[PDB]
Visitor: 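Sharing a structure, written as structure tokens. Questions coming.
Atom set for the values below is all heavy atoms of this structure, side chains included, hydrogens, waters and symmetry mates excluded. We name chains A, B, ... by the order of the sequence lines, and we start the count at 1 in each one.
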Amino acid sequence: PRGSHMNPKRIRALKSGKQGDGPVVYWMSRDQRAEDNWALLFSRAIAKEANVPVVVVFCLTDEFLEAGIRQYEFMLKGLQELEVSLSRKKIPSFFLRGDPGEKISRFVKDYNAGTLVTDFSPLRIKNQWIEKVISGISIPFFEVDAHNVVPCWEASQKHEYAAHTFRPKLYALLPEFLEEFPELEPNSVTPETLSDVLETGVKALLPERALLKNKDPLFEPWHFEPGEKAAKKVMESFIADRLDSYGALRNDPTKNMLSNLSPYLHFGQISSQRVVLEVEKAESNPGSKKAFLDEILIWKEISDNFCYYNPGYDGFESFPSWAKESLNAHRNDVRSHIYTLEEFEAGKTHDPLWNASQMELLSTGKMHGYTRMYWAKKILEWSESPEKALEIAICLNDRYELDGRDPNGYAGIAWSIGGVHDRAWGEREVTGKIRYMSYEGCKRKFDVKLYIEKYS
DNA sequence: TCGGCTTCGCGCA
DNA sequence: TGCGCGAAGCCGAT
Ligand SMILES: Cc1cc2nc3c(=O)[nH]c(=O)nc-3n(C[C@H](O)[C@H](O)[C@H](O)COP(=O)(O)OP(=O)(O)OC[C@H]3O[C@@H](n4cnc5c(N)ncnc54)[C@H](O)[C@@H]3O)c2cc1C
């Protein structure tokens with residue numbers, strides 16, 4: 001569909017049809033940004049070829065009721081900033097409320113749209129909406145991967161067992177799919193309040209707020225400023241100050257040596273391709289660049305691969321055969337501790353290290369990457385069943401992580417509990433052959449006491 | 001039919 | 001802290 005700096009492998013057709021004489025509609029769901037967005041860039045190119053304007057539509061669903069105010073405010077503030085950014089480029093943005101399968105189909109007919117484009121997400125609920133829209137529209141429907149550097153359907157045609165099998169496939173396609181982004185051209189032709197939906201949503205989620213003993217909210221909203229501009233500042237400071245020591249200190253939660261980009265990456269407020277572009281050009285420690293590029297390229301995009309080819313990604317069925325046989329054999333082992341969902345959520349376990357990891361999650365909304373493995377693994381050790389641990393870990397991860405409800409969350413929890421993208425280890429009680437992590441193992445790798453005291 | 005597995009624990013400089 | 005080894009099942013290059 002036209003374009004010079006435009007790889008057609010990034011786009012794929014979801015429904016054929018006659019191209020109408022109306023504007024091109026970019027159904028924005030996962031990549032909530034204006035810059036470095038192929039889906040918006042593909043939409044603009046199609047609109048330019050048909051001499052029609054491009055418009056952006058965003059449907060706010062009832063899914064926010066399953067999470068907290070921390071995610072709702074982070075997303076909505078960025079949407080307000082994005083609204084002004086698209087206005088400066090003469091691109092109007094429409095915000096609907098309701099079921100996307102019903103609202104997008106009504107919007108496509110009332111607005112007389114000619115072409116429908118959306119960004120890619122391997123989540124189950126995104127696929128259900130697409131099927132409902134396909135059955136309710138008669139215009140062409142395209143789908144652009146704006147979240148991965150190499151399109152998810154292109155990087156592999158099957159579920160990848162581990163990273164060392166997916167790594168050569170991804171890095172071979174980098175010289176083709178790693179490139180600069182063209183500027184978003186403004187519109188030539190021109191043709192609900194987000195402040196009201198913020199107040200309405202906040203009031204709804206107020207009774208479910210995480211509070212301390214004295215009714216004070218646990219969440220500290222100053223650690224991450226939401227928005228496209230604020231995302232770029234974080235990436236700049238990571239390259240300048242932290243990328244040099246990332247390789248040595250990534251597994252030390254006492255040092256803030258991570259990139260902190262996951263909240264922005266999840267909501268799409270910054271493109272992972274942009275970060276990789278800048279990281280590649282940066283002159284820093286060769287070991288740290290390789291370690292960082294491995295996380296944001298290999299392990300990020302294999303989480304999309306995991307969820308795209310396994311629709312039961314959030315279930316015990318998705319675990320490999322050896323892990324399922326190992327976890328089943330130990331179902332009758334006596335657990336040294338059994339905690340309920342309520343006890344885990346309030347950080348009332350016997351392990352001060354686990355409790356502190358939970359307190360980082362409750363208060364900041366971003367648990368450290370190393371402690372997240374220890375966090376989910378201990379849930380498996382102190383729960384009734386592998387199913388209950390998966391359910392509890394997914395519940396606490398989506399409710400409280402800013403980067404939650406993400407394919408990284410499900411694949412990461414799958415790695416911790418079911419050994420997805422991992423291998424077998426020493427046979428143990430309860431967890432079987434799943435990789436084990438101990439408090440004493442953390443003590444020799446980082447100052448565990450300093451971490452505990454920072455979060456009570 | 002081997003070789004090596006993100007993110008392991010453990011003994012030893 | 002940094003390093004080598006143990007302990008485990010399997011993909012994939014042949
Ligand atoms: C049990 C568990 C739950 C997690 N929950 C989430 C989640 O809800 N949402 C989320 O985005 N990530 C989650 N992570 C993945 C990973 O821990 C986060 O990407 C990271 O901790 C966020 O901090 P950062 O962006 O500064 O990390 P960095 O070290 O700076 O990583 C750079 C980027 O690489 C990607 N990445 C890094 N580590 C991983 C990983 N292990 N798996 C997949 N991608 C990775 C992310 O996009 C991340 O932003 C989870 C991991 C585990 C083990």
Side-chain angles (χ1 to χ4, degrees), chain A residues 155-157 159-172 245-255 257-259 261-262 285-289 291-306 309-310 318-330 351 353-354 357 360 366-381 393 397 403 407-442 445-448 450-451:
Chain A
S156 179
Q157 281 67 231
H159 156 80
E160 286 294 325
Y161 187 76
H164 65 311
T165 66
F166 184 55
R167 207 185 341 270
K169 301 186 197 194
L170 190 34
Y171 280 117
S245 303
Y246 178 88
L249 303 180
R250 46 146 317 151
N251 281 344
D252 190 327
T254 68
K255 334 262 194 184
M257 216 55 62
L258 301 182
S259 72
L261 288 172
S262 61
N285 189 305
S288 285
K289 281 170 62 149
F292 181 73
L293 285 181
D294 264 14
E295 297 299 334
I296 203 171
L297 282 175
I298 299 306
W299 285 94
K300 175 173 161 300
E301 304 193 4
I302 211 182
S303 307
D304 268 28
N305 172 274
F306 174 59
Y309 292 109
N310 307 62
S318 66
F319 294 170
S321 287
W322 66 266
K324 286 199 283 196
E325 302 166 24
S326 185
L327 288 168
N328 283 339
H330 293 274
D351 188 346
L353 171 54
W354 195 99
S357 304
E360 177 171 52
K366 186 179 183 282
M367 192 175 14
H368 188 269
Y370 190 81
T371 49
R372 283 155 108 136
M373 303 167 191
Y374 185 86
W375 177 82
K377 287 199 200 274
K378 294 292 120 141
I379 311 201
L380 171 61
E381 202 176 330
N397 183 87
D403 51 37
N408 289 348
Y410 300 118
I413 290 161
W415 180 92
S416 303
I417 294 190
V420 169
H421 306 142
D422 219 1
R423 52 193 197 88
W425 298 87
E427 169 84 352
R428 325 233 321 141
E429 272 257 276
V430 178
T431 58
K433 281 153 189 179
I434 295 313
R435 186 199 293 243
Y436 182 74
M437 281 184 66
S438 66
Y439 175 109
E440 294 58 41
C442 300
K445 262 164 221 184
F446 67 92
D447 193 357
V448 164
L450 186 48
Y451 186 76

Visitor: What nucleotide, of B/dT7, B/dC10, B/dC8, holds the atom closest to the side chain of A/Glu440?
Guide: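 Looking only at side-chain atoms, A/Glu440 lies closest to B/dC10.
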Visitor: Could you tell me the separation between the CD1 atom of A/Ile434 and the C1' atom of B/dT7, rounded to a whole number of Å?
Guide: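 Whole-Å distance recorded here is 15 Å.
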Visitor: For A/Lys445 and B/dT7, is the shortest distance between a side-chain N/O and OP1 or OP2 below 4.0 Å?
Guide: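 Answer is no, no contact under 4.0 Å.
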Visitor: Start with the C-alpha gap between A/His368 and A/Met373, add the side-chain angles, then the distance that decides, and say whether side chain to side chain contact (heavy atoms under 4.5 Å, CB included) holds.
Guide: CA-CA 9 Å; A/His368 188 269; A/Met373 303 167 191; over 6 Å; no
Visitor: Does the sign of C1'-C2'-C3'-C4' make the B/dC8 sugar north or south?
Guide: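 That sugar belongs to the north family, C3'-endo side.
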Visitor: Need the pucker for C/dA7. North if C1'-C2'-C3'-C4' is positive, south if negative.
Guide: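 Negative torsion, so south.
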Visitor: For nucleotides 7-11 of chain C, tabulate all protein N/O to nucleotide N/O atom pairs closer than 3.5 Å, reporting atom names and distance.
Guide:
residue : atom : partner  : partner atom : Å
C/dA7   : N1   : A/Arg423 : NH2          : 3.2
C/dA8   : OP1  : A/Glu427 : N            : 2.8
C/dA8   : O5'  : A/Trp425 : O            : 3.4
C/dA8   : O4'  : A/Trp425 : O            : 3.4
C/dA8   : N3   : A/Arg423 : NH1          : 3.4
C/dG9   : OP1  : A/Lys433 : NZ           : 2.4

Visitor: Anything under 30° is parallel, anything over 60° is perpendicular, the rest tilted; go ahead and classify A/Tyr451 against A/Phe446.
Guide: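 Because their plane-to-plane angle is over 60°, the rings of A/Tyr451 and A/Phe446 count as perpendicular.
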Visitor: B/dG9 P sits how many Å from A/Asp422 CG, rounded?
Guide: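 Atom CG in A/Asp422 sits about 12 Å away from atom P in B/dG9.
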Visitor: So, does the side chain of A/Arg435 form a donor-acceptor pair with the base of B/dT7 at under 3.5 Å?
Guide: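 Between B/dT7 and A/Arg435, which were checked side chain against base, a qualifying N/O pair under 3.5 Å is absent.
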Visitor: With sequence neighbours excluded, tell me which residues meet side chain to side chain contact (heavy atoms under 4.5 Å, CB included) with A/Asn251.
Guide: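 Partners of A/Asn251 by the side chain to side chain contact (heavy atoms under 4.5 Å, CB included) criterion, ordered by chain and then number, come out as A/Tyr370.
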Visitor: How far, in whole Å, is B/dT1 from B/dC5 if one measures between their P atoms?
Guide: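 These two P atoms come out 23 Å apart once rounded.
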Visitor: Nearest-Å distance, CD (A/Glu381) to P (B/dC8)?
Guide: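 Rounded to whole Å, this separation is 16 Å.
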Visitor: The criterion is salt bridge (charged side-chain N to carboxylate O under 4.0 Å, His left out); which residues satisfy it with A/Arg423, sequence neighbours excluded?
Guide: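 Listed in chain order: nothing, the list is empty.
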Visitor: Please name all residues satisfying side chain to side chain contact (heavy atoms under 4.5 Å, CB included) with A/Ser318, sequence neighbours left out, ordered by chain then number.
Guide: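 In terms of side chain to side chain contact (heavy atoms under 4.5 Å, CB included), with neighbours along the sequence ignored, A/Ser318 is linked to A/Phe306.
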Visitor: Could you check whether A/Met437 gets within reach of a base, just the sugar-phosphate, or nothing at all, counting any heavy atom under 4.0 Å?
Guide: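 Sugar-phosphate, backbone atoms only, no base.
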Visitor: Starting from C1' on C/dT1, measure out to NZ on A/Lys255 and report it in whole angstrom.
Guide: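 My rounded result for the distance is 12 Å.
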Visitor: Rounded to the nearest angstrom, tell me the gap between atom CG in A/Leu380 and atom P in B/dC8.
Guide: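 Roughly 17 Å, once rounded to whole Å.
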Visitor: Under the side chain to side chain contact (heavy atoms under 4.5 Å, CB included) test, which residues partner A/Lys324, sequence neighbours left out?
Guide: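 Expected list: A/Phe316, A/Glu317, A/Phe319.
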Visitor: Restricting to salt bridge (charged side-chain N to carboxylate O under 4.0 Å, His left out), what partner residues turn up for A/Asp252, sequence neighbours left out?
Guide: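 For A/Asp252 there are no salt bridge (charged side-chain N to carboxylate O under 4.0 Å, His left out) partners, ignoring immediate neighbours.
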Visitor: If C/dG12 has a Watson-Crick or G-U wobble mate with both distances under 3.5 Å, name it; if not, just say none.
Guide: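 Pairing partner, where one exists within any strand: B/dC2.
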Visitor: In whole angstrom, give the distance that lies between atom CG of A/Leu258 and atom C1' of B/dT7.
Guide: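 For the pair A/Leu258 CG and B/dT7 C1', the rounded distance is 12 Å.
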Visitor: Could you tell me how far C/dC11 sits from B/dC8 if I compare only their P atoms? Round to whole Å.
Guide: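 My reading of the P atoms in B/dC8 and C/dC11 gives 23 Å.
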Visitor: Take atom CE of A/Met373 and atom P of B/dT7, then tell me their distance rounded to the nearest Å.
Guide: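 It works out to 9 Å between those atoms.
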Visitor: Calculate the interatomic distance between A/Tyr436 atom OH and B/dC8 atom P; express it in whole Å.
Guide: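 It is 14 Å, rounded to the nearest whole Å.
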